[PDB]
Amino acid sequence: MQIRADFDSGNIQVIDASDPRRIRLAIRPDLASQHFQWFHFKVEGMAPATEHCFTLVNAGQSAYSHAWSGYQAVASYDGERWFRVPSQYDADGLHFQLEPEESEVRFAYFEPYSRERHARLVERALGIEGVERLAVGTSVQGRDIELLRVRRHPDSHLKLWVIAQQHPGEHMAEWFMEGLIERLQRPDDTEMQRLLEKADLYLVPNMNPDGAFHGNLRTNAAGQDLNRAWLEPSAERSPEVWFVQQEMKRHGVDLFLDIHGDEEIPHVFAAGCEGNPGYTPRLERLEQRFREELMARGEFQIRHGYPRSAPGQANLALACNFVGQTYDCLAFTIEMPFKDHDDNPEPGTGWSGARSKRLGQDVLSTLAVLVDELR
């Protein structure tokens, strides 16, 4: 058989694939940083009625190695239908098995979102009523960072910002954006009519095109963790973030959602700004309102997530905290799992692109209810 990762978001190093029950592979570190966890490769020429056993030998050295426990790898014969496969984790690494029904199959850490799909999403968005490309940034390697604006009423006053995938390996993030944008196509959507009569949406489908294309997990091309560059952005080292901050300064922000994915926690959740020195009772209540309304509508919960920050101990280098404090607006880091959303088990696919898309649509419903309370 032959294994390769010479394509968009591909990531893998082949050690030995001469024995179907002893396939050995290694995950490749980011272009310019030590991080790694995301993997994506294709296998071709597999024999029929044959059990194939894979091992990612260096999983123990990954960025979040403790997150491998309970994680099931994703696979697909066509690149459209993705399914989970039996996986285990021990000192030897991550292992997964499959008796392929076809001669070729792909494996990935999560259902991938290619830049080609990104182009299609942008093309689709600009064909929707009220949608325009407000601005465009440039990544370290010269790829577009589109900023889309949804404005259907020339007298609205609120600016709701949603950006995604600052960390390239968190592909569920742009899937979330696809769901959000596709909902805008609906001819008769009363909730969106109400929301857009009072607010415009500022959307950034992908914050790290270089990292995504190169199959990176954490950093942009220059090796910078974009979500640690908000306190001191650079047009040279973190142009992706520098771009967004300039646009925010000019248009204003009344809501900010930073879409991410968490390797360890098998639950969808949101991390707020309770650690901000600028945190206020107003924001405390708004965060409560958002979580409650979203939990009542989508696959979202509150018990599991990151620990809350002690008063005034937040790291302002993170987008959620920086934007929330700089603009005194409701702000959250939305986190979807690489595993499953255990509250609603669907083992066959675990968390997926489709469920990510749905969460995006349910978030829109939540914003529609809270619009009059944002300011």
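Position 1 is the first residue in the sequence shown; the rest follow in order.
Colleague: Higher average CA B factor in the deposited record is what I'm after, so tell me if that's 57-65 or 323-331.
Modeller: Averaged over C-alpha atoms, the B-factors run higher in 57-65.
Colleague: Take the C-alpha B-factors listed in the entry for 252-260 and for 227-235, compute each mean, and give the stretch with the larger one.
Modeller: Per the PDB record, 227-235.
Colleague: Quick one: which of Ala75, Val268, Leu196, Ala222 has the biggest Cα B-factor according to the entry?
Modeller: In this record, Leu196 carries the highest C-alpha B-factor of the candidates.
Colleague: Using only the C-alpha B-factors in the record, can you name which of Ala135, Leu203, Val140, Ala173 has the highest?
Modeller: Highest C-alpha B-factor among the listed residues goes to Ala135.
Colleague: Considering every modelled residue of the chain and its Cα B-factor in the PDB entry, is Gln37 in the lowest, middle or highest third?
Modeller: Within its chain, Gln37 is a lowest-third residue by C-alpha B-factor, going by the deposited values.
Colleague: Which third of the chain does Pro345 land in by C-alpha B-factor: lowest, middle or highest?
Modeller: Highest third.
Colleague: Among all modelled residues of this chain, ranked by Cα B factor, put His167 in the bottom, middle or top third, i.e. lowest, middle or highest.
Modeller: Lowest third, going by the recorded CA B-factors of the chain.
Colleague: Relative to the other modelled residues of the same chain, rank the CA B-factor of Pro29 and answer lowest, middle or highest third.
Modeller: Its C-alpha B-factor, which the entry lists for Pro29, ranks in the lowest third among residues of this chain.
Colleague: Quick check for you: using the entry's CA B-factors within this chain, is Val85 in the lowest, middle or highest third?
Modeller: Bottom third by C-alpha B-factor.
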